[PDB]
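Protein chains in written order, with the authors' numbering: chain S, 175 to 223; chain V, 1 to 555; chain E, 224 to 1016; chain U, 472 to 570; chain Y, 323 to 372.
See below:
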């Protein structure tokens, strides 16, 4: 359920998020409903190691 | 539909079909011992002290007559109901001990001896335990159920009866259990809690001693004394059998009741209470948890009577005052006294368990009754307040072993049967009384300076070895049993063996009213009060298969 | 607010009752080893009379415990505070729906140091895709509750502790009994010592489902349910010392955890069809259930700092114990159901299940339960349409069976447990398998073993409850008069009974058996009237009433003698109501030496004592003279809801009554006697200040004695009372601001209201306690008075 | 010949709260975005354990800590954390050239 | 509204991993976009033999 993964590698752009952003922050966001759509997906996989 | 309802199965238990595996056989044996430590409570100690309050040795104690009202009813012989909760309780508990014995025997029976060479010594141990409980039930209730078919199914227990057997052959079914144990136990038990062969002989004798004062009529009176039974008490108290096990009288009386001297030469078989042992508060003697004096806040039960006090008085030559002892109180300054008084009864002005730092007084601080039950404390089962052996759980209890058979018992029981068989061996019974009486006269270590510090005059002598009459000899053994086993909860049991309960206790009721107000309305009804009634719920569930004792109404 | 509070002697009153108890028995009342001294004498007729009374200033000689007149119930109660907030929001589109709520509750009970609260969220939603023929949905709620519970027995302790005992001891410690004062703990101190025994409980509840409709009338559906809770708590053992009430110096902590994880799965297939006049549903499907539970806890003794901040297991310097175990069960279920309706006037219904449970062997796993019901919408039959005053009338009847397997997860098995004996007991009887076989006195692990807990039973099967039911619905006067009747006969057979063992069987001889049967038949009636009035008042009454009889039909022999379900183990409850009880018949009081000597022989009987009836007429009062004296079944119960609407206001009352019920009072033991208790010198009810004496010959209360010589503690009619009651369960008054006013703040509905729950109690004059619905020691039922509001956009 | 079972349990808990307040203006050829807000945090960890010894049957369902005989131990701890802050941000372009 | 399942059995014998999951997200804007409430929720369950 991944919509976008920003990775704030900098410190002058990641300074806003905290003192605890010395090692860089990885901003994750999740999905949402679009306007006027009712879509439904169904994924699967069967693997072997 | 099917695998689903089988997946989850019992957690943290052994199931009935598993329990019989050999890997568990010795777990069952231990567990059958354990219940003698873990199965009684403050109103049901397998000491049976709560019920010797009927005796002339002691009062129930406590806050007041309602503090265990059913035991006050017992103490004064009035208002006992067959529905009373204690009577049912002790019946139930003792048969519970029987269960653990039989369960161990059930799985021991199936064991192969070639690959478990102790099979019959373990089996003997269990039958010893089974005899122990049946013995005490027999003392408590007369008409008991004999539960000695370890292969009996649960359902078959419903068709048992307390009258399958006559009174005598009820006694014999107990004797059979202790006999097999004698035939099979080893002479010496390196694990001291396991009965040795001599213990099996001792209990075997005790069983025939109680069996010989026969009550083969419908009521409880003596129907004649059997000497086939007595000549067994002789066989199984033979000194040669006791010496094979190394038993004998401690060189000072107090050792039988002192934590440092557990499992001594006199302790023929004892309940092995313990401390620091993995359990919540210890495998302590909770059953005596009520009998600690008020110095520990609670509860002042099991207080000795002035009658027992005055019984340690002695005439100018150190013999009991047979006729006069109860006509004036024991006065320390001017009366000769038996050293055993100061090992049995803690009295005001004197040290509690031999500790000059705890002097007993007529106080809020020692007795709970504002004087109703007096001011004496039971010494035998209590311990020094400073002892490592002493802990408070819900009550104060120690790890002091409870000795079921002191070797003094064996000597005095042998004395008895010899005196009853008038057959020339009476000077040998007097020989045995002097053994106990002389040991006791010199048991003044730990109280050696009571002459100078308090004024007591110790004076106890053995009897001259003359050709005594049977009647005078009985009086002398009886008196030795009074002073030797005071407060050990077989005094009342002794009286019903002798058929003397009504005469001696009803008399005690009038002499002791003066000192304990409760005996005001007391009255012992002969051919009724010599045994607890079989419990009402027990009879009522039996479907008339159980029969109530004589003297009690059709309820 | 605590309401019905029990009247209990005060320090002065205590000393008056005691003097009476002493002199009644003819003992010197100055011999109470408490602090009382009495100036008393004799009246002209020779009966004792009390003149003055002095109390010492301290209860001990060393003056560590002052004398009080403490009202212990006022001291352990408080004014409770309740809070409640809830928000909910909803959205509905052609293609789905969505709901979301947040809630909070908080309740400080009227017993001090007891409280409860709950946080709640719920989200539900559903989606229609393709042609509304594929449907997905979800319901889910999440909850966190936490509570500190009232200790076991504080009401009895508060009843028991005398006024003379002060809340605080001279040194400022908790007060307690000393000297001659009874064996009772300080109830304020108990509650305070228990204030931090809070559990925290997280429960998640919900499901997700898929629904397919491949053509008209055909539906497939599969639902996976999830029910999962977990409970944590530290229980603290602080050291106490209230006078002689001591704990030695024990300190301990137990960190406990529990998990209950249940889940459910089913698939459903249903067909519908409407043929001109015929209507009909069919449904077949399958269901799986599984519960798995676990619980464990670590126990540690001895702490240097005695606060919940320090008292963690890592920081104890004494002995430890570890506890815990699991269990579970599963169920499989196959079912079908068939509905048929002809002309919308004759209705038939059919149910059939086959139900298996992991709790049985495979030889008995499943059982098959059919059900049948019929309907008869009378009024649509044409010959009934000559009756303008009766809108609908429908007769219905049903027969059917239901399995029951609600038994111990281990019910089938023979159970041996190691039970070394690590666990708190009381007075011994831990029944442990450890033993110092060596005679060392311990110090180290002892050898141990196993003890039987339960004997198995290879052939436990399903218990079956079978119900026959008939009733009729009605609607008169164009939907203004409505209701329904119900008559049923309901029998449980092959009842699954945890059956005790015969005595000689010994340790753990119990087994679950299908052995027993029990009926319940009764009537149930609903009736509601509703109409407006032509001045502005809408009124809507709807009440109800019902009654039943219950009869145990058969019972294992050892449970009949057991008393587990009835006659006190002296008579078998077979043929009587569940919980019926046997006892002695109290026949007043001996009022004259005359009346003892002419009565049957009665051990302990004297003037002033209870006369017990000689039922067998044998001239002796003994254990045989008992009979059926108690039945817990009301003749009928009833409820009634009045509702009014006048001029934007609204009023509601709900009344509830139970009529004809026997209660057994155990407070009466404490209120009517000085010695109907195990222990002397306890606090007593205030009623015994009226005890019969020569002084006071007009009384039912036995004369005060110090010993229960007469055993008036025996179960008897003396303790059965009429527990009938009518209670205003609730009354609520409300104003809702007119639409035109609130709609302009954009509010479809704004309303404030005001209410009180359990405000009033009507009871029988012959009931002698406070709450007939709670006549003894359960947590008191308070009167709540409430204010609140409703806002909606 | 040693049997034992350890029954651990750990718990974590965090919760934050923040209240930003942003502003947005576009005049001429200039846009800007200023926002201010605070923040809170709290971490409440835990764990504890148990231990028993010397079991009889050796299966993962018999070995619950009540079916043992041997010695026992217990563990446990607890941790914590807190935080409180204030922040801010700004933006500027002035021509859609100089950010 | 999402769901999920993921079961892995490692190449070394008798080690595995499996994860169940769920997710609910929503938001609701009420009065001409002056009031907007929303939420994000997740619920997992992993069960790994190490």
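Quick reminder that beta carbons are idealized off the backbone N, C-alpha and C, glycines included.
Pair within 9 Å by beta-carbon distance, residue i and residue j
{"i": "residue 193 of chain V", "j": "residue 659 of chain E", "result": "yes"}
{"i": "residue 66 of chain V", "j": "residue 939 of chain E", "result": "no"}
{"i": "residue 439 of chain E", "j": "residue 505 of chain E", "result": "no"}
{"i": "residue 294 of chain V", "j": "residue 366 of chain V", "result": "yes"}
{"i": "residue 582 of chain E", "j": "residue 552 of chain E", "result": "yes"}
{"i": "residue 426 of chain V", "j": "residue 418 of chain V", "result": "yes"}
{"i": "residue 924 of chain E", "j": "residue 895 of chain E", "result": "yes"}
{"i": "residue 271 of chain V", "j": "residue 389 of chain V", "result": "no"}
{"i": "residue 565 of chain U", "j": "residue 500 of chain U", "result": "yes"}
{"i": "residue 420 of chain V", "j": "residue 228 of chain V", "result": "no"}
Separation of residue j from residue i, as counted between CA atoms
{"i": "residue 777 of chain E", "j": "residue 628 of chain E", "result": "19 Å"}
{"i": "residue 300 of chain E", "j": "residue 283 of chain E", "result": "28 Å"}
{"i": "residue 361 of chain V", "j": "residue 516 of chain V", "result": "18 Å"}
{"i": "residue 392 of chain V", "j": "residue 463 of chain E", "result": "13 Å"}
{"i": "residue 745 of chain E", "j": "residue 711 of chain E", "result": "6 Å"}
{"i": "residue 839 of chain E", "j": "residue 790 of chain E", "result": "18 Å"}
CB contact below 9 Å: residue i versus chain Y
{"i": "residue 208 of chain S", "result": "no"}
Buried or exposed by the 16-neighbour rule on C-beta atoms within 10 Å, applied to residue i
{"i": "residue 117 of chain V", "result": "exposed"}
{"i": "residue 520 of chain V", "result": "exposed"}
{"i": "residue 969 of chain E", "result": "exposed"}
{"i": "residue 413 of chain V", "result": "buried"}
{"i": "residue 144 of chain V", "result": "buried"}
{"i": "residue 71 of chain V", "result": "buried"}
{"i": "residue 634 of chain E", "result": "buried"}
{"i": "residue 437 of chain E", "result": "exposed"}
{"i": "residue 103 of chain V", "result": "buried"}
{"i": "residue 511 of chain U", "result": "exposed"}
{"i": "residue 465 of chain V", "result": "exposed"}
{"i": "residue 719 of chain E", "result": "buried"}
Any C-beta of chain U under 9 Å from that of residue i
{"i": "residue 359 of chain V", "result": "no"}
{"i": "residue 715 of chain E", "result": "no"}
Residue-chain proximity (residue i, chain V), Cβ-Cβ < 9 Å
{"i": "residue 533 of chain U", "result": "yes"}
{"i": "residue 537 of chain U", "result": "yes"}
{"i": "residue 841 of chain E", "result": "yes"}
Residue-chain proximity (residue i, chain E), Cβ-Cβ < 9 Å
{"i": "residue 368 of chain V", "result": "yes"}
{"i": "residue 244 of chain V", "result": "no"}
{"i": "residue 542 of chain U", "result": "yes"}
Distance between beta carbons of residue j and residue i, contact taken as under 8 Å
{"i": "residue 959 of chain E", "j": "residue 871 of chain E", "result": "6 Å"}
{"i": "residue 256 of chain E", "j": "residue 303 of chain V", "result": "The Cβ separation is near 16 Å, so there is no contact."}
{"i": "residue 57 of chain V", "j": "residue 486 of chain V", "result": "6 Å"}
{"i": "residue 515 of chain E", "j": "residue 484 of chain E", "result": "5 Å"}
{"i": "residue 348 of chain Y", "j": "residue 325 of chain Y", "result": "With 8 Å as the limit, residue 348 of chain Y and residue 325 of chain Y do not qualify as a contact, their Cβ atoms being about 16 Å apart."}
Short CB-CB distance (under 9 Å) between residue i and chain S
{"i": "residue 369 of chain Y", "result": "no"}
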